[PDB]
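First comes the structure, then the notes that go with it.
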Amino acid sequence: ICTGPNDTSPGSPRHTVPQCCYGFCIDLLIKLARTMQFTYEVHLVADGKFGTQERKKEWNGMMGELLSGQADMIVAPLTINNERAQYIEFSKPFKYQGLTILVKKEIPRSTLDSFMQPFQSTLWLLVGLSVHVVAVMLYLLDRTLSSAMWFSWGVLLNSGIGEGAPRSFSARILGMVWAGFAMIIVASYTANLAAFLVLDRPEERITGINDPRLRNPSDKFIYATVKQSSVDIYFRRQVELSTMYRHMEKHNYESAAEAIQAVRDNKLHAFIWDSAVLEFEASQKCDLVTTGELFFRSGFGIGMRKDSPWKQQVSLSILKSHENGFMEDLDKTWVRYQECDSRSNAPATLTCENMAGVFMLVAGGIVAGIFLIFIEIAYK
Amino acid sequence: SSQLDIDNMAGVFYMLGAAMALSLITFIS
Amino acid sequence: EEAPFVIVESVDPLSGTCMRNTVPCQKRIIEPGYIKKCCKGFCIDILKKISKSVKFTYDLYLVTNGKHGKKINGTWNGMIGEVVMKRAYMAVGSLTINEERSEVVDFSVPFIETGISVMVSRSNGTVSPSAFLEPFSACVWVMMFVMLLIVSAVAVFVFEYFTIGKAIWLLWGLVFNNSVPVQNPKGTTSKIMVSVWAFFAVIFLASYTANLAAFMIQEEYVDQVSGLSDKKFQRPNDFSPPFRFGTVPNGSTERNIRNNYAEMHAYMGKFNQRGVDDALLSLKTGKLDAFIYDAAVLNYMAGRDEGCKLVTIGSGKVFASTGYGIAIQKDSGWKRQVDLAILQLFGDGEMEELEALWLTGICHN
Amino acid sequence: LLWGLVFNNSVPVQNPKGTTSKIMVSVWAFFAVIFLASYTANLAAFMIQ
Ligand SMILES: *[C@@H]1O[C@H](CO)[C@@H](O)[C@H](O)[C@H]1NC(C)=O
């Protein structure tokens, strides 16, 4: 059971209500129950925000809540810093972790609408000009013409209808260059296609943290985090990105699911820093991408009030639990059960449209054949 | 650089015209 | 000094002095002369940075007995022995953290989160014959197959104004490559129509090969080994007697092994190698197939040469996630202070600086 | 015949009369294939930089 705000009280503080709370940490707490011999209730925080000693100053939410006395043990994913360290104690962390940045995964989006472009249209026309002219020129070089067009047409196209052959010696030498021209032309086409298929898709356009587009913000890229989070502490203690830091205050939030759906609706381009949650978000959503280098090596452990008699004991269990691998069992229980495609940004194409264009060319040539054929019928 | 240059086909029609000229020259015989 | 946290044991005899970065680390001597070399490395630098936080003075007294702690008849020897004999109440260097160690001495908050892995990665591979029905030309592929099939009716309609199997075979073989002969047309009607089809044919090949080479460009070839839970590592001979997975005898993990995996403990006790460089040579030799140990040391070894054929299990998925750091004798309370100091250190990314100083490599990354 | 074969079979002509040549020049076409197999391979390659 879970005594929490009815409408979650983000402004209209509907009174509390028993809900159902359950997850990894709950498992942890019940283990610590079986090993520590205590009983308890459970409740939510007043605000939906971790807390910080903002301006006299005072800590929002759970921090100040514990500090008062109305609380006596704080178990949740909790970061570690110096500020919180100044007042309370907490044992070794139970899950090491860091920071990363997530972006709405892009689609491969093959580009083959060049189905006749990658040389030119100008080339596509001058080649037909050249074929006609060299055809009739070979004809004159003979002295088998009305169909000699078939000859060069096919030898470009590798048809093999070959109704005849040049009887004169002149063209009987000439045709070689035409053959080589066809060979090198198709070679060229293949080569430029292969090259044009090297243009990669730069996804993690931000390099770790030193990317200036994210080291100096551009209006083309939107970005934020959750307000009053420890991440803000980390930034404002590192004055460098202050601008971006200042900049990001134009976009901050109050909940993680906020930024979650924000990047889901493709407006917000990046969410951050809840790494050990971004993993589940990704491997259960498979429309998002993590990246960056790990920023702030820290760990989630359990905090308790100042110098309670419990500290010395708690740690023990944890290591005991880290000994028998029970931790890893909980991992397999609540962690690995999410999976989607994870190979890489794979290059491929099955483009129905870029070949549907040429299939329509097929169908059009069909009616062209009907028309021209009956034209020749009436002719003969 | 997707579409090739018309100029970026020099040797093509170079050899084309060369063959045409050699053809006429020999066909004189 | 055992690894890239404490390495240095070299003394400069040119001037009887030592470089600025290092610090005197005199072993006793064996009248202990108290002149050993001057040491440098990673943890030493942590201590130097700490010095600016709390006013104190060093004594880089070295170890003389054993590599680490062991409860010989329940009596701690090693660094933990030195700290429990009240001979020195602060000890740093690569010293794992567990329940057993905590039993007497306390601990700081660790900083370098550590674990248990293995590294045997000479093997390799390529892509399975799994991309030639590749995402290039499957659905449009059969679509073109049938859009080809349909042309036969128009062929019939033309011929009416002896062909069917002939025409089918012809255009089919043409699509791929002209090999076999047959009199395709009789009258210039079909002599044009199917002609344009061959046009398509060309581009077909022009596309196909283009992507195929393209698709054979990326190459991951993730290794195939047995995790820390497979019978290949759980019951070697019951599964496959060809199994040579070793470790370090007196190491910390030995507690975990001889307390939870006596089976593999005995099955591998016939492979307890000595040292670390000997392990590297033996893993490059083939005499010992594989071995298991702490995290940081192997992550560093990844930056060696033979490491580009010797890397991690293929994950950060380790056994009994851990970490370590300073440790003191349940008394001084300065922990509190140094606590924030260490965290203050974290508050700046100094760990990044230090890692750049010591902990990147090549043939890895 | 063999010239045009090197690049690509386009035009017809009765190549053999008797299985003698029907084998000899045959192996030549073998070479022909690899020829193209090489050429295009590098050309694309050379248009990479
Ligand atoms: C692949 O692994 C085999 C197995 O030892 C080895 O002989 C070969 O040199 C390796 N080659 C590459 C390219 O990794």
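Here the Cβ is made from the backbone with ideal geometry for all residues, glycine too, and neighbour counts use every protein chain on show. No lab work stands behind these numbers, since they all come straight from the coordinates.
Looking at C:256, C:250, C:237, which one is assigned to a helix (DSSP H, G or I) and surrounded by fewer than 17 Cβ atoms within 10 Å (Cβ to Cβ)? Write out each step before concluding.
Details: C:256 fails: surrounded by fewer than 17 Cβ atoms within 10 Å (Cβ to Cβ); C:250 fails: assigned to a helix (DSSP H, G or I).
Result of the check over C:256, C:250, C:237: C:237.
What pairs can you find where one residue is in the stretch C:108-133 and farther than 14 Å from residue C:320 by Cα, the other is of a type in the set (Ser, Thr, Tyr) and within 16 Å of the ligand (Cβ to nearest atom), and their Cβ atoms are less than 8 Å apart, with a gap of 6+ or different chains?
Between residues of the stretch C:108-133 that are farther than 14 Å from residue C:320 by Cα and residues that are of a type in the set (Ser, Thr, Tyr) and within 16 Å of the ligand (Cβ to nearest atom), the close pairs are C:124/C:221; C:125/C:221; C:126/C:221; C:127/C:221.
Which of the residues belonging to the stretch A:126-139 are of a type outside the set (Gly, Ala, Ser) and under 20 Å from residue B:15 (Cβ atoms)?
A:126, A:127, A:129, A:131, A:132, A:133, A:134, A:136, A:137, A:138
Test of understanding: among A:274, A:287, which residue is more than 12 Å from chain C (Cβ to nearest Cβ) and surrounded by fewer than 19 Cβ atoms within 10 Å (Cβ to Cβ)?
Values: A:274 fails: surrounded by fewer than 19 Cβ atoms within 10 Å (Cβ to Cβ).
Answer to the check: A:287.
Regarding the stretch C:128-137, can at least one residue be identified that is closer than 30 Å to residue C:5 by Cβ and exposed (fewer than 15 other Cβ atoms within 10 Å of the Cβ)?
If we filter the stretch C:128-137 for residues that are closer than 30 Å to residue C:5 by Cβ, which is where we start, we get none.
No: the stretch C:128-137 contains no residue that is closer than 30 Å to residue C:5 by Cβ and exposed (fewer than 15 other Cβ atoms within 10 Å of the Cβ).
Any chance the stretch A:246-265 includes a residue that's under 26 Å from residue A:47 (Cα atoms) and within 14 Å of chain C (Cβ to nearest Cβ)?
Initial filter on the stretch A:246-265 (under 26 Å from residue A:47 (Cα atoms)): A:246-265.
Of the ones still in play, those that are also within 14 Å of chain C (Cβ to nearest Cβ) are none.
No; the residues of the stretch A:246-265 include none that is under 26 Å from residue A:47 (Cα atoms) and within 14 Å of chain C (Cβ to nearest Cβ).
Considering (1) within 16 Å of the ligand (Cβ to nearest atom); (2) surrounded by fewer than 16 Cβ atoms within 10 Å (Cβ to Cβ); (3) more than 14 Å from chain A (Cβ to nearest Cβ), say which one residue C:278 fails and leave the rest.
(1)
Would you point out which residue out of C:152, C:137 is out of contact with any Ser or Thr (no Cβ under 8 Å at 6 or more places or on another chain) and more than 16 Å from the ligand (Cβ to nearest atom)? I'd like the intermediate steps shown before the answer.
Numbers: C:137 fails: out of contact with any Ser or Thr (no Cβ under 8 Å at 6 or more places or on another chain).
Answer to the selection: C:152.
Of the residues A:91, A:114, A:110, which is facing another protein chain (nearest Cβ under 8 Å) and of a type in the set (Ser, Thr, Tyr)?
Details: A:91 fails: facing another protein chain (nearest Cβ under 8 Å); A:110 fails: facing another protein chain (nearest Cβ under 8 Å).
Of the residues listed, the single one that is facing another protein chain (nearest Cβ under 8 Å) and of a type in the set (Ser, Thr, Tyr) is A:114.
So which of C:142, C:109, C:127 ends up being within 16 Å of the ligand (Cβ to nearest atom) and within 13 Å of chain A (Cβ to nearest Cβ)?
Values: C:142 fails: within 16 Å of the ligand (Cβ to nearest atom); C:109 fails: within 16 Å of the ligand (Cβ to nearest atom).
Unique residue meeting the criteria: C:127.
Can you tell me how many residues in the stretch C:311-325 are within 16 Å of the ligand (Cβ to nearest atom) and of a type outside the set (A, V, I, L, M, F, W, C)?
Step one: of the stretch C:311-325, the residues within 16 Å of the ligand (Cβ to nearest atom) are C:311, C:314.
If we keep only those that are of a type outside the set (A, V, I, L, M, F, W, C) too, we end up with C:314.
Qualifying residue count for the region: 1.
From the set of residues in the stretch C:159-206 that are under 16 Å from residue A:190 (Cα atoms), buried (at least 16 other Cβ atoms within 10 Å of the Cβ) and more than 7 Å from every other protein chain (Cβ to nearest Cβ), which is nearest to the chain's Cα centre (by Cα)?
Among residues in the stretch C:159-206 that are under 16 Å from residue A:190 (Cα atoms), buried (at least 16 other Cβ atoms within 10 Å of the Cβ) and more than 7 Å from every other protein chain (Cβ to nearest Cβ), the one nearest to the chain's Cα centre (by Cα) is C:204.
Failed condition for residue A:240, given (1) within 14 Å of chain C (Cβ to nearest Cβ); (2) crowded, with 19+ Cβ neighbours inside 10 Å; (3) among the acidic types (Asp, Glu), with all others met?
Failed condition: (2).
Any residue in the stretch C:336-353 that's within 9 Å of chain A (Cβ to nearest Cβ): show its pairings with residues that are basic (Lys, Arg) and assigned to a helix (DSSP H, G or I) at Cβ separation under 7 Å, as long as the two are six or more apart or on different chains.
C:347/A:237
Any residue in the stretch C:70-80 that is more than 16 Å from the ligand (Cβ to nearest atom), among the basic types (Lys, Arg) and either within 30 Å of residue C:309 (Cα to Cα) or within 13 Å of chain A (Cβ to nearest Cβ) (or both)? Spell out the reasoning first.
Let us first name the residues in the stretch C:70-80 that are more than 16 Å from the ligand (Cβ to nearest atom), namely C:70-80.
Filter once more, so that each one left must be among the basic types (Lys, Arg): C:70-71.
So of that shortlist, the ones also either within 30 Å of residue C:309 (Cα to Cα) or within 13 Å of chain A (Cβ to nearest Cβ) (or both) come out as none.
No - not one qualifying residue is present in the stretch C:70-80.
Test each condition in (1) surrounded by fewer than 10 Cβ atoms within 10 Å (Cβ to Cβ); (2) of a type in the set (A, V, I, L, M); (3) at the interface with chain A (Cβ under 10 Å from one of its Cβ atoms) for residue D:41 and report the one that comes out false.
(1)
Can you name the residue in the stretch C:281-310 that is more than 22 Å from residue C:236 (Cα to Cα) and either within 16 Å of the ligand (Cβ to nearest atom) or among the aromatic types (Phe, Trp, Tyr) (or both) and is also nearest to the other protein chains (Cβ to nearest Cβ) among such residues? Let's see the steps before the verdict.
Just the residues of the stretch C:281-310 that are more than 22 Å from residue C:236 (Cα to Cα), to begin with: C:281, C:295-309.
With either within 16 Å of the ligand (Cβ to nearest atom) or among the aromatic types (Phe, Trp, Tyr) (or both) added as a condition, the list becomes C:300, C:305-309.
On the way: C:300: 17, C:305: 25, C:306: 26, C:307: 21, C:308: 21, C:309: 23 Å.
Ranking the candidates gives C:300 first.
Would you please name the residue that is farthest from the ligand (Cβ to nearest atom), looking only at residues in the stretch C:113-124 that are away from chain A (no Cβ under 14 Å) and buried (at least 16 other Cβ atoms within 10 Å of the Cβ)?
Just the residues of the stretch C:113-124 that are away from chain A (no Cβ under 14 Å), to begin with: C:118-124.
Imposing the further condition that a residue be buried (at least 16 other Cβ atoms within 10 Å of the Cβ) reduces the set to C:118-121.
Values: C:118: 18, C:119: 16, C:120: 12, C:121: 10 Å.
So, considering only residues that are away from chain A (no Cβ under 14 Å) and buried (at least 16 other Cβ atoms within 10 Å of the Cβ), the one farthest from the ligand (Cβ to nearest atom) is C:118.
Step by step: first the residues of the stretch A:42-85, then only those that are within 14 Å of chain C (Cβ to nearest Cβ) and in a helix (DSSP H, G or I), then the one that is surrounded by the most Cβ atoms within 10 Å (Cβ to Cβ). Which residue is that?
A:84
Looking at the stretch C:245-252, is at least one residue over 29 Å from residue C:45 (Cβ atoms) and within 16 Å of the ligand (Cβ to nearest atom)?
no
Being surrounded by fewer than 16 Cβ atoms within 10 Å (Cβ to Cβ), more than 9 Å from every other protein chain (Cβ to nearest Cβ) and at positive phi is the requirement here; does residue A:143 meet it?
Working: surrounded by fewer than 16 Cβ atoms within 10 Å (Cβ to Cβ): yes; more than 9 Å from every other protein chain (Cβ to nearest Cβ): yes; at positive phi: no.
Answer is no for this residue.
Among the residues of the stretch A:86-123, which ones are closer than 25 Å to residue A:199 by Cβ and outside any loop (DSSP other than H, G, I, E, B)?
Passing the criteria: A:101, A:102, A:103, A:104, A:121, A:122, A:123.
Name the residue that is farthest from the ligand (Cβ to nearest atom), counting only residues in the stretch C:93-106 that are surrounded by fewer than 18 Cβ atoms within 10 Å (Cβ to Cβ) and not β-branched (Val, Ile, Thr).
Pass one, the stretch C:93-106, residues surrounded by fewer than 18 Cβ atoms within 10 Å (Cβ to Cβ): C:99, C:102-104, C:106.
Add one more test, that the residue is not β-branched (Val, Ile, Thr), and what stays is C:99, C:102-103, C:106.
On the way: C:99: 41, C:102: 44, C:103: 46, C:106: 48 Å.
Only one residue fits best here, namely C:106.
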